[PDB]
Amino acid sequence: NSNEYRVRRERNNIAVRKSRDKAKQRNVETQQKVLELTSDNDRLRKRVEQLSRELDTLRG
């Protein structure tokens, strides 16, 4: 059954390559969402800043 070794390896080195490739991609995606969230975020910081300037104007 050492006659299985190799065949099994390759069967493995391919499963590896796959897993990894997957991972890397899942990061990218995750990585990406960070930028999407940082977009929303500043959007809000500025927005809030705005409303604030507003009541600060209005009231005081």
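In case it trips you up, residue 1 is the first one in the sequence shown, and so on.
Annotation for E49: CA B-factor lies in the lowest third of the chain's modelled residues. Looking at the C-alpha B-factors along this chain, the one for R59 belongs to the highest third. Among all modelled residues in its chain, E36 ranks in the highest third by Cα B-factor. In the PDB entry, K22 places in the lowest third of its chain by CA B-factor.
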